[PDB]
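A lone chain, given as structure tokens: the form deposited in one PDB entry.
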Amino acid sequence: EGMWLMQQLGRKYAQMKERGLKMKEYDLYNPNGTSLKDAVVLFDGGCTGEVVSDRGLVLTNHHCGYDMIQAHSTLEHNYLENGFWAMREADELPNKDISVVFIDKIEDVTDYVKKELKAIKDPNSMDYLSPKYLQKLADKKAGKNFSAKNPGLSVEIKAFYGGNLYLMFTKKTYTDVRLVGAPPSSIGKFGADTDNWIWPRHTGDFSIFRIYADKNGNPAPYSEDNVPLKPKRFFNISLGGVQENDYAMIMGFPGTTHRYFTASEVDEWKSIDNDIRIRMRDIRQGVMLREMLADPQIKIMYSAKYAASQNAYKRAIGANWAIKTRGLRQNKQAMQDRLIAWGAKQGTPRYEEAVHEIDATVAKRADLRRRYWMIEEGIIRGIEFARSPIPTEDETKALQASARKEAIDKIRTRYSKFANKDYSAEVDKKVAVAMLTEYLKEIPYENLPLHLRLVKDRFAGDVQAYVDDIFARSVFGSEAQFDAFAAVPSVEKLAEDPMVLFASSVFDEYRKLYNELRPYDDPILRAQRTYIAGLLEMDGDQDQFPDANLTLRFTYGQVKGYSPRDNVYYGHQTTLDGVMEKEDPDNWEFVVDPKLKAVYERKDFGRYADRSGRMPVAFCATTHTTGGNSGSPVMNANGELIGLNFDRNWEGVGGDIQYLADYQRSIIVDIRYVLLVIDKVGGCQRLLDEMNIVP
């Protein structure tokens, strides 16, 4: 049910042993020694990874290493489509802008931070959550020049439980992290966007990297003189596999949760955030899909844009399903009524006042929040010409010296990036007509961005005519129209350009709404500090975990399937047979790698198949994970690596607010399948030899 701080291992250890944990507490997390925690990394700021060899080999997801695979791919050596297998350490590819972060030490600095905060003065100060204020406290505690005295190390203080607990982390960051191996995208991204958030799942979502360091194993930027890191801890790989009900645990960096939402915040998340995102993206997606199905060239240009819109659309559908069917609002209401009754009994009304402040703030900002989501989903992300070029102040106060040619060249560059190889003005006009029709139905005239008032005033309510006029008269409406402008440019032409005026008006309204809504966050945040302090004082810090905040957490559970609906069961494990069932040669998402299809036909599974002779692919577990946990190590009762977390089923996306024991699962790639791919698909035996594979 939770995402526990490493400090909370002591408090959860007995229950973990009762559930099947076999390892000693300090072998998993030792606060003043080496433990399994030292083999877990924050991979490139937004993923988890794990060290799996005494020479710094790192496993993470294929979707986590995707950008590094794509950046090294060319027409001659397309690593993204065929995979990549460095047959020697010297062939491993360096990556620019990459990092791996180790959590060297974790310290409770609550008393220190709370004492420092007493010197504020303004009781409503937000310094208690400010990264700048907390960094000043971290630097004061670690010492003026800590990083010079301790190379590779840095300190950081974060707030937890809404400001009721503070932890200081001593981090060790390595920036020379090289690409070692990756399966073809047909394996790494098998279901592609069709199987996103889906269980059963058949995706071998893994990639392999290596941490390089100086001669003393200290962090160093890329240098041909760097040598592999010899880590103090790395995971052993288990080949014992998994069975239904086996104990499983994860360590990783979950990004965000909202476990302490009030019932009013759940209602707002549903009726504003989710319903608007669902409604607006369903309109955008429908027009886009119609156009992609009618023209194969439009399908190529808009596939990525369509997939990018669908991902959070599906998440919002899954989240709304939990709100509707799993009683999220009711359980938050019961949580807050229980605190209010307890507070009345203690003679302390501050908890009821805090819940009241959150409800009143949520109620006050509703119309503004609705207008913000409507414009952001409807126009800012909904219509491509909303992000068309807007002449800067430096460009207009240059057009009206011969820096006129310099202003036009910069405007041309931005026009070329807007009307790129994947942009269709015809597809965009059709999407805009549908999006704006919905937006104008929902947003009243007095709340419209200035230019959109012209639909009623100038175009007699004709949305199609308004959009047609924007393109017919705009300098960014076509290449010929831009070139005619570029030959005789004037600031007067730009000032009255219908596309410039649209883009400017909608961005102006978007920024105005953001600025008016931003002050409402602070009273909610301050009242949450009181609210969570009351919940902790009442029911204790053991059942209620602190919200995720991109810090190292552990979660535990079992390898277990679930029933998604009446008379349907999805088991705990998928097999290579399921990959073959899904094969579709005329669907790029479900193409099966020929080497993998051959391995399946010959049953060349070696030591990786289960006792039945079937080849495992993926499994699911009752662990509590969220975005940030991609690539997390999945451990046995013995702490051995049994898989990598790579996704979570859509039925459990509401788990960020309330864990759903009967539906929510972590989707994990079986480590036996990872080794099978390295071995029979990549032929990279050296990686198998450097890992410590236990029977």
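When you see a residue number, it is the position in the sequence shown, counting from 1. The term rigid core refers to the most C-alpha atoms you can superpose between the two forms while keeping them within 1.5 Å.
This next part talks about the form deposited in another entry, which is not shown.
Q) Any idea which of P498, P228, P219, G162 has its C-alpha shifted 2 Å or more between the shown form and the other one with the rigid core fixed? A) Everything else stays below 2 Å; the exception is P498.
**Q.** Yes/no, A142 Cα shift of 2 Å or more between the shown form and the other one with rigid core fixed
**A.** No; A142 is a residue whose C-alpha shifts by less than 2 Å between the shown form and the other one when the cores are overlaid.
Q.
Rigid core superposed, CA of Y569 - does it shift 2 Å or more between the shown form and the other one?
A. No, shifts by less than 2 Å.
Q: Align on the rigid core first; then say whether the Cα of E509 has moved by at least 2 Å between the shown form and the other one.
A: After core superposition, the displacement of the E509 C-alpha between the shown form and the other one reaches the 2 Å mark, so yes.
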